[PDB]
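What follows is calculated from the coordinates using simple rules that are stated; it is not laboratory data. Positions of Cβ are generated from backbone atoms using ideal geometry, with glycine treated the same way; all protein chains shown enter the neighbour counts.
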Amino acid sequence: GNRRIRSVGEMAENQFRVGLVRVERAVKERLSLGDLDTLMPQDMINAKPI
Amino acid sequence: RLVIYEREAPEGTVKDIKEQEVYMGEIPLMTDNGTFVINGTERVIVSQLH
Amino acid sequence: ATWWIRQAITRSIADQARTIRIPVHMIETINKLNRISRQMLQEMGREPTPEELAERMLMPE
């Protein structure tokens, strides 16, 4: 009852989450200096990190 | 969705550009039999007990 | 001093920070490639082809 069972789905959920925190620093970081209408939600969020 | 709130609001946005489906990552897919193909080789993720 | 201090840091990092020393022009080239792969990673939806960065970049590619 104190022993819980994980499995692939849960593990991947955690891993994808980690991608989102390390892209988060970037998103805030860019939104730090950003020009108004030039950037879009692409130039910020990367692929390799997530 | 990127929203920018007017500086010294009442909070309202100058412009919000909605970036259509920005691509982040490729997440792996599970076979009909529950294995994954990582590099051309069938792999299982063992459930963990904690 | 900011210019001088900043000049010394970068010029030092470039010079002694690698196990195989590389000329300065080599370093700048590499960074230029990383930048394109950044935009081009998600811009392309997969990632730039090995010859993709070649045309964006001046050189023999």
Worksheet item: In the range B:6-26, is there at least one residue being touching a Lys or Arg at 6+ places or on another chain (Cβ under 6 Å), part of a strand (DSSP E or B), of a type outside the set (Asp, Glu) and surrounded by 12 or more Cβ atoms within 10 Å (Cβ to Cβ)?
Response: no
Response to the item:
Sole miss for B:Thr35 among (1) surrounded by 10 or more Cβ atoms within 10 Å (Cβ to Cβ); (2) facing chain A (nearest Cβ under 8 Å); (3) touching a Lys or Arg at 6+ places or on another chain (Cβ under 9 Å); (4) not acidic (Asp, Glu) is condition (2)
Worksheet item: What tally of residues in the range A:1-33 results from selecting those that are part of a helix (DSSP H, G or I) and either in contact with a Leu (Cβ under 9 Å, 6 or more places away or on another chain) or free of Cβ contacts under 8 Å to residues at least 12 places away in the same chain (or both)?
Response: 19
Discussion item. So if I check each of B:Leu49, B:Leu29, which one is without any contact (Cβ under 8 Å) to a residue 60 or more places away in the chain, under 29 Å from A:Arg3 (Cβ atoms) and exposed (fewer than 11 other Cβ atoms within 10 Å of the Cβ)?
Written reply: B:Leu49
Worksheet item: Just one of the numbered conditions (1) in a helix (DSSP H, G or I); (2) touching an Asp or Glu at 6+ places or on another chain (Cβ under 8 Å) is not true of C:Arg21; which one?
Response: (1)
Worksheet, complete the sentence: Only one of (1) more than 24 Å from A:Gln42 (Cβ to Cβ); (2) more than 10 Å from chain A (Cβ to nearest Cβ); (3) aromatic (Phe, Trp, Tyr) does not apply to B:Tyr5, and that is (1)
Worksheet entry | Scan of the range B:8-31 for residues that are under 21 Å from the mean Cα position of the chain (by Cα) and closer than 17 Å to A:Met44 by Cβ, ordered by number | B:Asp16, B:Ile17, B:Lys18, B:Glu19, B:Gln20, B:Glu21, B:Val22, B:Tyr23, B:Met24, B:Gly25
Fill in: So C:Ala54, is it surrounded by 13 or more Cβ atoms within 10 Å (Cβ to Cβ), in a helix (DSSP H, G or I) and in contact with a helix residue (DSSP H, G or I) (Cβ under 6 Å, 6 or more places away or on another chain)
no
Worksheet, complete the sentence: Reported set for the range A:1-23 where residues are β-branched (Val, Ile, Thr), surrounded by 13 or more Cβ atoms within 10 Å (Cβ to Cβ) and within 20 Å of B:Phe36 (Cα to Cα) is A:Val8
Discussion item. Checking the conditions here, which among A:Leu39, A:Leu31 is under 20 Å from B:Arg1 (Cβ atoms), surrounded by fewer than 14 Cβ atoms within 10 Å (Cβ to Cβ) and within 10 Å of another protein chain (Cβ to nearest Cβ)?
Written reply: A:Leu31
